[PDB]
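Cβ placement follows ideal geometry from the backbone for every residue including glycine, while neighbour counts extend to all protein chains displayed. FYI, it's all coordinate maths here, none of it is from the lab.
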Amino acid sequence: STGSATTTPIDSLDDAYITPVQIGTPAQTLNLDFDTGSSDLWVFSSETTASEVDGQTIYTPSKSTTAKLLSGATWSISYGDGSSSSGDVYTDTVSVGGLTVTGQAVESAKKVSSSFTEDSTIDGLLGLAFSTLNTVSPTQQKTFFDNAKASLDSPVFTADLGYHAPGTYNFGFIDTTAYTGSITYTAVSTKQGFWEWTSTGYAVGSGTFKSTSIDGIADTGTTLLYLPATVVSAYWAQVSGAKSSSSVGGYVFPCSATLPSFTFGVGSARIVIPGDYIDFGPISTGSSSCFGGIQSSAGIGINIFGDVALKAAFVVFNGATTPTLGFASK
């Protein structure tokens with residue numbers, strides 16, 4: 001089997017991407033944030049504290065003839081941005097772009113933190129990291145990809161995120177029309193539960209490539225590109241007036257600037273992020289200070305190849321017995 005679904009930016013900055021997902025019988029369609037940096041499929045629901053719902057579409061398990069309470073199971077997750085959610089668990093039928101999993105754990109939110117409530121466009125998350133990170137207790141549950149894998153034509157999914165435009169998540173096949181050149185594959189460590197790999201270096205604009213190993217994670221659920229402070233300083237030093245602002249929380253730059261590109265290495269191959277992809281717009285409405293899309297990871301503990309980087313590539317998440325990642329230009 002295969003599946004193919006369009007993913008759409010939630011706003012004019014590509015702050016996140018939503019993908020329609022069918023849950024239950026008859027189908028209830030929710031727009032979920034596909035997140036290769038986490039491993040829980042959770043949704044706003046009829047159980048979510050009413051004051052914490054503000055415009056999201058909710059899953060109502062009592063209206064699904066295939067929903068079953070997973071007795072005793074609870075979940076609770078905290079994300080790197082400080083947001084969180086928790087609740088109980090149902091199993092139900094879940095379909096993405098024509099690919100159907102029966103018995104998928106659907107984690108129903110009883111509580112969500114303010115940033116979720118405040119984002120009316122995201123109805124929940126669909127985790128695509130390794131199932132060892134799933135938070136369900138006392139019986140850990142599998143991701144949608146893990147449950148579908150055996151049925152797929154090939155045990156892979158691909159992320160093709162757009163810049164200011166829709167893109168595609170495919171399951172079970174590699175669309176050879178969606179990228180240019182060849183796909184370069186690189187090793188993955190699953191020891192932390194992430195799609196963790198080592199970039200071979202970087203360049204700023206037309207500058208020379210610096211060969212240096214950068215361990216990080218391919219994370220579709222993180223907006224920006226988080227890299228070591230040395231790398232980030234070298235980038236912003238090429239932008240007149242750019243500075244790190246403790247009060248804003250990162251590097252800012254004059255909105256009048258033209259940003260240089262940023263290149264990262266994948267083995268001997270190179271992915272080029274155009275300068276425009278690094279502009280996240282005014283820090284507050286009407287400001288002439290703009291927020292940068294490349295930020296320091298120094299306070300995180302891990303480097304993160306978020307959407308800013310991934311949207312410049314066609315990315316293969318290869319879930320073969322020894323997983324690997326593939327990157328192509330497009």
| query | Each label point is 7 Å from the Cα along the Cα-to-Cβ direction; what then is the distance between the points at residue 150 and residue 83, in nm? | reply | 3.4
| field | Residues of type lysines that residue 63 reaches as a straight line, Cα spacing below 21 Å, ignoring anything fewer than 8 places off in the same chain | value | 110, 111
| Length gain on complete extension for the stretch residue 137 to residue 237, per 0.36 nm per residue less the alpha carbon to alpha carbon distance? | 31.3 nm
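If the range 98-247 were replaced by its equivalent ellipsoid, with semi-axes equal to the square roots of 5 times the Cα gyration tensor eigenvalues, what would those be, largest first, whole Å?
Working: eigenvalues 204, 102, 56 Å².
Taking √(5λ) for each Cα gyration eigenvalue gives 32, 23, 17 Å.
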| Projected area, mean over directions - the range 88-130, Cα convex hull, nm² | 4.1
| So which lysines pass the test for residue 191, namely a Cα distance under 22 Å, with those fewer than 8 places away in the same chain ruled out? | 142, 149
| task | Using packing as a proxy for protection, rank 247-253, 31-37, 197-203 so that the peptide with the highest average count of other Cβ atoms within 10 Å comes first. | result | 31-37, 197-203, 247-253
| Does a label point 7 Å from the Cα of residue 210, set along Cα-to-beta-carbon, have any residues of the range 227-259 with amide nitrogen under 12 Å, and which are they? | 227-238
| For the range 90-137 and the range 161-220, distance of Cα centres in Å | 24
| message | Suppose the Debye formula is applied to equal point scatterers at every Cα of the chain; what is log10 I(q)/I(0) at q = 0.07, 0.10, 0.11, 0.14 Å⁻¹? | response | -0.28, -0.57, -0.69, -1.11
| Whole-Hz ³J(HN,Hα) from phi, Karplus 6.51 cos²θ - 1.76 cosθ + 1.60, for the range 174-179, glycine and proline x | 10, 7, 6, 8, 8, 8
| said: List the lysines whose Cα sits under 18 Å from the Cα of residue 311, skipping any in the same chain fewer than 8 residues away. | reply: 330
| remark: Shape call for the range 5-174, from the Cα gyration tensor axes a ≥ b ≥ c (a/c under 1.5 means rounded, otherwise prolate when a/b beats b/c, else oblate), comes out rounded
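Quick check of the Kirkwood formula: for the range 28-92, what is the inverse mean of 1/r over all pairs of different Cα atoms, in Å? Don't skip to the answer; put the middle values down first.
Numbers: mean 1/r = 0.0760 Å⁻¹.
Evaluated over the range 28-92, this radius sits at 13.2 Å.
Taking a cut-off of 24 Å, what percent of all Cα-Cα pairs in the range 175-330 are separated by more than that? The partial results should precede the final answer.
Numbers: 3840 of 12090 pairs.
Percentage above 24 Å: 32.
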| said: Tell me the mean residue ellipticity at 222 nm calculated for the chain from its helices only (DSSP H runs of n ≥ 4, each -39500 (n - 2.57), averaged over every residue, nearest 500). | reply: -1500 deg cm²/dmol
| task | Report the paramagnetic label zone for residue 25: residues of the range 137-179 whose backbone N is under 20 Å from a point 7 Å from Cα along the Cα-to-Cβ axis. | result | 144, 147-148, 151
| query | What fraction of the Cα pairs in the range 101-176, stated in percent, has a spacing above 14 angstrom? | reply | 71
